[PDB]
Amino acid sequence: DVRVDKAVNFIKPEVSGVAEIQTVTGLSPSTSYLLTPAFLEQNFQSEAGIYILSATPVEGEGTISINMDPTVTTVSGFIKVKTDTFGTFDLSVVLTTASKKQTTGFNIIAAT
């Protein structure tokens, strides 16, 4: 079986094009998870520029892309990542234009 363990929002990086580390905690130690993108009720045109997020695991596989360009829109990808012995993992998250302060996120999917 498979299930959604919990939903987490992506961080909002401070600087355009410069990745920040997002740490996720509270999961089972030494366990494989799959992350998929999602967002709810966002106005991506509240100010100028385009919301474009990319996220990868520091150690793992996959890239999540959320590109809200109005004639070429993408929500795709996944991340495969394993927790450490403390139930945590790190992602690298980059916003192409950091003034886009909309909220997006991912589901954390687990075997059961």
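Residues carry their position along the shown sequence, with the first being 1.
Annotation for 75 to 83 versus 23 to 31: the higher mean temperature factor (C-alpha) is found in 23 to 31. Remark: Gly62 belongs to the middle third of its chain, ranked by C-alpha B-factor as recorded. The entry lists a Cα temperature factor for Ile11 that places it in the lowest third of the chain's modelled residues.
In the deposited entry, the Cα temperature factor of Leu91 places it in the lowest third of its chain's modelled residues. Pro70: CA B factor in the highest third of modelled residues in this chain (values from the PDB entry). In the PDB entry, a CA B factor belonging to the lowest third of its chain's modelled residues is recorded for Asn43.
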